[PDB]
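Step one of this worksheet: look at the structure below.
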Amino acid sequence: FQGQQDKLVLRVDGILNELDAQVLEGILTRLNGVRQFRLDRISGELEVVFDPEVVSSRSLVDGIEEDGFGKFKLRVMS
């Protein structure tokens with residue numbers, strides 16, 4: 001059956017147009033351990049459901065930043 005599923009809530013800055021959003025969605029879809037996500041392109045709110053046994057929140061946030069080439073600024077919301 002399915003495994004552990006944790007959630008990470010993020011504020012994303014740097015989405016200036018529809019192209020930037022699709023770039024970000026592409027990064028998330030290719031990131032190992034990401035199971036689902038919801039992105040509001042206008043507010044920058046991003047929720048990510050990930051398997052904590054495959055990727056940690058630490059590695060997940062770092063991965064998006066690295067894959068984004070500094071275009072996206074990530075802040076974790078509590």
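Ligands are numbered from 1 in the order shown, residues from 1 within each chain, and chains are lettered A, B, ... in the order they appear in the structure tokens.
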
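Omitting residue A:73 and its sequence neighbours fewer than 2 positions away, and counting only C-alpha atoms, the residues within 7 Å are residues 12, 13, 14, 70, 71 and 75 of chain A.
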
Writer output for current selection, N, CA and C atoms, as a PDB file, in the first residue's frame:
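Output file result-v1.pdb follows:
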ATOM      1  N   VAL A  12       6.530  31.160  -2.709  1.00  0.00           N
ATOM      2  CA  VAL A  12       7.432  31.224  -3.857  1.00  0.00           C
ATOM      3  C   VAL A  12       7.356  32.617  -4.476  1.00  0.00           C
ATOM      4  N   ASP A  13       8.492  33.281  -4.562  1.00  0.00           N
ATOM      5  CA  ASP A  13       8.659  34.544  -5.264  1.00  0.00           C
ATOM      6  C   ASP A  13       9.496  34.291  -6.509  1.00  0.00           C
ATOM      7  N   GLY A  14       9.299  35.126  -7.524  1.00  0.00           N
ATOM      8  CA  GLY A  14      10.004  35.000  -8.783  1.00  0.00           C
ATOM      9  C   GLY A  14       9.139  34.541  -9.933  1.00  0.00           C
ATOM     10  N   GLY A  70      18.191  30.091  -9.193  1.00  0.00           N
ATOM     11  CA  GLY A  70      17.961  31.319  -8.473  1.00  0.00           C
ATOM     12  C   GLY A  70      16.785  32.141  -8.946  1.00  0.00           C
ATOM     13  N   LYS A  71      16.005  31.655  -9.910  1.00  0.00           N
ATOM     14  CA  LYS A  71      14.836  32.416 -10.328  1.00  0.00           C
ATOM     15  C   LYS A  71      13.750  32.396  -9.260  1.00  0.00           C
ATOM     16  N   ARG A  75      10.450  30.291   0.702  1.00  0.00           N
ATOM     17  CA  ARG A  75      10.332  30.523   2.132  1.00  0.00           C
ATOM     18  C   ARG A  75       9.328  29.520   2.685  1.00  0.00           C
TER      19      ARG A  75
END

### Which of chain A fall in alpha helix (DSSP H), as a PyMOL selection string
chain A and resi 18-30+57-68

Writer output for current selection, C-alpha atoms, as a PDB file, in the first residue's frame:
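Ended up saving to again-v8.pdb:
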ATOM      1  CA  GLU A  18       2.873  32.106 -17.011  1.00  0.00           C
ATOM      2  CA  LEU A  19       6.137  30.738 -18.401  1.00  0.00           C
ATOM      3  CA  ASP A  20       7.885  30.970 -15.025  1.00  0.00           C
ATOM      4  CA  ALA A  21       5.019  29.054 -13.406  1.00  0.00           C
ATOM      5  CA  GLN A  22       5.236  26.223 -15.946  1.00  0.00           C
ATOM      6  CA  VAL A  23       8.994  26.103 -15.386  1.00  0.00           C
ATOM      7  CA  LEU A  24       8.386  25.707 -11.648  1.00  0.00           C
ATOM      8  CA  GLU A  25       5.691  23.068 -12.190  1.00  0.00           C
ATOM      9  CA  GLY A  26       8.176  21.224 -14.398  1.00  0.00           C
ATOM     10  CA  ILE A  27      10.794  21.284 -11.640  1.00  0.00           C
ATOM     11  CA  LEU A  28       8.302  19.872  -9.137  1.00  0.00           C
ATOM     12  CA  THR A  29       7.071  17.118 -11.454  1.00  0.00           C
ATOM     13  CA  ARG A  30      10.658  15.883 -11.993  1.00  0.00           C
ATOM     14  CA  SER A  57      11.850  18.823   3.314  1.00  0.00           C
ATOM     15  CA  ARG A  58      15.421  20.125   3.462  1.00  0.00           C
ATOM     16  CA  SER A  59      16.471  18.363   0.262  1.00  0.00           C
ATOM     17  CA  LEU A  60      13.160  19.228  -1.403  1.00  0.00           C
ATOM     18  CA  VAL A  61      13.477  22.987  -0.821  1.00  0.00           C
ATOM     19  CA  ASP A  62      17.143  22.937  -1.832  1.00  0.00           C
ATOM     20  CA  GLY A  63      16.272  20.945  -4.945  1.00  0.00           C
ATOM     21  CA  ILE A  64      13.729  23.461  -6.215  1.00  0.00           C
ATOM     22  CA  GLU A  65      16.134  26.340  -5.579  1.00  0.00           C
ATOM     23  CA  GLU A  66      18.973  24.601  -7.411  1.00  0.00           C
ATOM     24  CA  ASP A  67      16.798  23.528 -10.343  1.00  0.00           C
ATOM     25  CA  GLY A  68      15.435  27.082 -10.537  1.00  0.00           C
TER      26      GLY A  68
END

### Query
Can you tell me, as a ChimeraX atom specification, what residues are no more than 12 Å from residue A:11 when counting only C-alpha atoms, ignoring any on the same chain fewer than 2 positions away?
/A:8-9,13-15,38-48,61,72-78

### Query
What residues in chain A get the DSSP label strand (DSSP E)? Please answer as JSON, numbers by chain.
{"A": [6, 7, 8, 9, 10, 11, 12, 13, 34, 35, 36, 37, 38, 39, 45, 46, 47, 48, 49, 50, 73, 74, 75, 76]}

Take the residues from that selection and put them in a file with N, CA, C and O atoms, as a CSV table (one decimal), in the first residue's frame.
chain,number,residue,atom,x,y,z
A,6,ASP,N,4.2,13.5,3.8
A,6,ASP,CA,4.3,14.7,4.6
A,6,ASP,C,3.9,15.9,3.6
A,6,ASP,O,3.9,15.7,2.4
A,7,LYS,N,3.7,17.0,4.2
A,7,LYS,CA,3.3,18.2,3.5
A,7,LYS,C,4.2,19.4,3.8
A,7,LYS,O,4.6,19.6,5.0
A,8,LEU,N,4.6,20.1,2.8
A,8,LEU,CA,5.4,21.3,2.9
A,8,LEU,C,4.7,22.5,2.3
A,8,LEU,O,4.3,22.4,1.2
A,9,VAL,N,4.5,23.6,3.1
A,9,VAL,CA,3.9,24.8,2.6
A,9,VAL,C,4.9,25.8,2.4
A,9,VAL,O,5.7,26.2,3.3
A,10,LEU,N,5.0,26.4,1.2
A,10,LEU,CA,6.0,27.3,0.8
A,10,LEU,C,5.4,28.6,0.2
A,10,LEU,O,4.3,28.5,-0.5
A,11,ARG,N,6.1,29.7,0.3
A,11,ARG,CA,5.9,30.9,-0.4
A,11,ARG,C,7.0,31.1,-1.5
A,11,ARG,O,8.1,31.0,-1.1
A,12,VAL,N,6.5,31.2,-2.7
A,12,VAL,CA,7.4,31.2,-3.9
A,12,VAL,C,7.4,32.6,-4.5
A,12,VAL,O,6.3,33.1,-4.9
A,13,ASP,N,8.5,33.3,-4.6
A,13,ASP,CA,8.7,34.5,-5.3
A,13,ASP,C,9.5,34.3,-6.5
A,13,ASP,O,10.3,33.3,-6.6
A,34,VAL,N,8.4,13.9,-4.8
A,34,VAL,CA,7.2,14.7,-4.9
A,34,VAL,C,6.1,13.9,-5.4
A,34,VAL,O,6.2,13.2,-6.5
A,35,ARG,N,5.0,13.8,-4.6
A,35,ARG,CA,3.8,13.0,-5.0
A,35,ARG,C,2.7,13.8,-5.6
A,35,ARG,O,2.1,13.4,-6.5
A,36,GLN,N,2.4,15.0,-5.0
A,36,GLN,CA,1.4,15.9,-5.5
A,36,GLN,C,1.8,17.3,-5.1
A,36,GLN,O,2.6,17.5,-4.1
A,37,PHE,N,1.2,18.3,-5.7
A,37,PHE,CA,1.4,19.7,-5.3
A,37,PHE,C,0.3,20.5,-5.9
A,37,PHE,O,-0.4,20.1,-6.8
A,38,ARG,N,0.1,21.6,-5.2
A,38,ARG,CA,-0.9,22.7,-5.7
A,38,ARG,C,-0.2,24.0,-5.6
A,38,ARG,O,0.4,24.4,-4.6
A,39,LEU,N,-0.2,24.7,-6.7
A,39,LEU,CA,0.5,26.0,-6.9
A,39,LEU,C,-0.5,27.1,-7.3
A,39,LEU,O,-1.2,26.9,-8.3
A,45,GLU,N,1.7,30.8,-3.3
A,45,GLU,CA,1.6,29.8,-2.3
A,45,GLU,C,1.7,28.4,-3.0
A,45,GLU,O,1.1,28.1,-4.0
A,46,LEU,N,2.6,27.6,-2.4
A,46,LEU,CA,2.9,26.2,-3.0
A,46,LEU,C,2.8,25.2,-1.8
A,46,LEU,O,3.5,25.4,-0.8
A,47,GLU,N,1.9,24.2,-2.0
A,47,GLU,CA,1.9,23.1,-1.1
A,47,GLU,C,2.4,21.9,-1.8
A,47,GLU,O,2.1,21.6,-3.0
A,48,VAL,N,3.3,21.1,-1.2
A,48,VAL,CA,3.9,19.9,-1.8
A,48,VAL,C,3.6,18.7,-0.8
A,48,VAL,O,3.9,18.8,0.4
A,49,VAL,N,3.1,17.7,-1.4
A,49,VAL,CA,3.0,16.4,-0.7
A,49,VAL,C,4.1,15.5,-1.2
A,49,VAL,O,4.3,15.3,-2.4
A,50,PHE,N,5.0,15.0,-0.3
A,50,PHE,CA,6.1,14.3,-0.6
A,50,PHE,C,6.3,13.1,0.3
A,50,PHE,O,5.7,13.0,1.4
A,73,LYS,N,12.5,32.1,-5.3
A,73,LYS,CA,12.9,32.4,-3.9
A,73,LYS,C,11.9,31.6,-3.0
A,73,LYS,O,10.7,31.9,-3.1
A,74,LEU,N,12.4,30.7,-2.2
A,74,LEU,CA,11.5,29.8,-1.4
A,74,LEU,C,11.6,30.2,0.1
A,74,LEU,O,12.7,30.5,0.6
A,75,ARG,N,10.5,30.3,0.7
A,75,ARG,CA,10.3,30.5,2.1
A,75,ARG,C,9.3,29.5,2.7
A,75,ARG,O,8.2,29.4,2.2
A,76,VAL,N,9.7,28.8,3.7
A,76,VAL,CA,8.9,27.8,4.3
A,76,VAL,C,7.9,28.4,5.3
A,76,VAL,O,8.4,29.2,6.2

#### Entry: Contacts of residue A:3 within 10 Å, only C-alpha atoms, excl. fewer than 4 positions in-chain, as a ChimeraX atom specification
/A:51-53
